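Single chain ahead, by itself, as structure tokens, in the form deposited without this ligand.
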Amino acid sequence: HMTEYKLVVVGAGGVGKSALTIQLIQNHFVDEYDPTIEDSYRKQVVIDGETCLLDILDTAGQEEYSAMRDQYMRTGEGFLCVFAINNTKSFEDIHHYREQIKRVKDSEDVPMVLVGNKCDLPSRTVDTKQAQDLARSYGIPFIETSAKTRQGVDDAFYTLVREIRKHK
């Protein structure tokens, strides 16, 4: 009797899309997952009493041809847009990831969470305020995560599911 939620993880190479996704699926930090590999996962999880099946695509890029990525981008219900708090370029790229989602969904109001990953690091270049301001301007929630420590991982995915519910 599971409610299916189709989720897509997007963001620049190296931000931690694979590490975040694998923390949710396998409950440990996998710190060297091939940066070119895309894979989907089916996670059975109870969220707020709802038995959910999260159908999650971990994307590896948006340029190389992928029938599977195109299908998930077109029919995906919610998107994690991930940058790294020590990588200003990854944060500047967020605009382009959001624009692609709005274009393929033909909607201004797509369920999304802005995720500032690697919040374990001392080497912050993107201030929490800077990220929160961008998210607020988009009308999307913002959370800081560490795939390394698993900080914020469950809350990022649960927040995306709650964003999809608001919109369904």
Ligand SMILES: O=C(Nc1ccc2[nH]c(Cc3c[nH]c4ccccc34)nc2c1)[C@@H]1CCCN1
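Note that residue numbering begins at 1 and tracks the sequence as displayed.
A second form of this protein, the form solved in complex with this ligand, is not displayed here; the remarks below concern that form.
Site accessibility, blocked: after C-alpha superposition of the site, this ligand as positioned in the entry with it bound shows three or more atoms within 2.4 Å of the backbone or C-beta atoms of the displayed chain. None of the heavy atoms of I143 is located within 4.5 Å of this ligand in the entry with it bound.
Under a 4.5 angstroms non-hydrogen atom cutoff, this ligand in the entry with it bound has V8 among its neighbouring residues. The closest heavy atom approach of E63 to this ligand in the entry with it bound falls within 4.5 Å. In the entry with it bound, at least one heavy atom of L57 sits within 4.5 Å of a heavy atom of this ligand. The partner is not shown here, but in the entry with it bound the stretch 32-55 reaches within 4.5 angstroms of this ligand through a heavy atom at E38, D39, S40, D55.
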